[PDB]
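Consider the single chain below, provided in structure tokens and representing the form deposited in one PDB entry.
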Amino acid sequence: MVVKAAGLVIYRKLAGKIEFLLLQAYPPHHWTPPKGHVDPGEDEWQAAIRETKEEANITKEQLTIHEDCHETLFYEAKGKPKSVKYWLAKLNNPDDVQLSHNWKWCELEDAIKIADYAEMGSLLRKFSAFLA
């Protein structure tokens, strides 16, 4: 049985534009939204929230999570089949966010380009249409 992981596609709306938060990850350091392995006694939802805290330093009260917008990707990688379930979540106040000074805010096209992963590109387009 597949290994389970979860995360959130974080977005913001600034100056009329929708931008997605991407983080540069362990070799080979691909760029992806915040995510990680589901722990014992958690479901995917709980895990997406916890991983967003650990990886992006964004906490639950800063977000509105869209329960009706989610998708699951399948990674066949280094031998270990793994699924990653994502929900779309809005950073409500972009003026109050504590990120390090390995991350970027990206509009759809640019996001696809640096994610450089066909399936993630398809997911981001699905979430963009949901927002429209």
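Sequential numbering from 1, following the sequence displayed. The term rigid core refers to the maximal set of C-alpha atoms that superpose within 1.5 Å between the two forms.
Interval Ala25-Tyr26, deposited residues with no coordinates in the entry (none, 1 to 3, 4 to 9, 10 or more) = Gap between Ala25 and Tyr26: 1 to 3 unmodelled residues.
task = Pick between 62-70 and 26-34: the one whose mean CA B-factor in the entry is higher.
result = Per the PDB record, 26-34.
ask   = Which has the highest CA B-factor per the PDB entry: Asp39, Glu55, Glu76, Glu107?
value = In the PDB entry, the greatest C-alpha B-factor among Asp39, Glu55, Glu76, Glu107 is found at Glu76.
inquiry  = By the recorded C-alpha temperature factor, relative to the other modelled residues in its chain, which third is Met120 in?
reply    = For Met120, the deposited C-alpha B-factor lands in the middle third.
query = Mind checking which third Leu21 falls in for C-alpha B-factor across the chain?
reply = Ranked within chain, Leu21 CA B lands in the lowest tercile.
message = Taking only the Cα B-factors deposited for this chain, tell me whether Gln98 sits in the lowest, middle or highest third.
response = CA B-factor rank for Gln98: highest third.
query = Among the modelled residues of its chain, does the C-alpha B-factor of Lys90 lie in the lowest, middle or highest third?
reply = For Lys90, the deposited C-alpha B-factor lands in the middle third.
The form solved in complex with a small molecule is left out here; the points below concern that form.
query = Which of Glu67, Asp96, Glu76, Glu54 has a heavy atom within 4.5 Å of the small molecule in the entry with it bound?
reply = Answer to the contact question: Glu76.
task = Would you point out which of 102-110, 58-66, 45-53, 32-40 contains residues with a non-hydrogen atom within 4.5 Å of the small molecule in the entry with it bound?
result = Only one stretch qualifies here: 32-40.
key: Three-residue site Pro28, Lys82 and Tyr117 fully in contact with the small molecule in the entry with it bound at 4.5 Å by heavy atom   = Yes.
query = Which of these moves by 2 angstroms or more at the C-alpha between this form and the one not shown, core superposed: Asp68, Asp96, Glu61, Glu54?
reply = Single hit from the list, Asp96.
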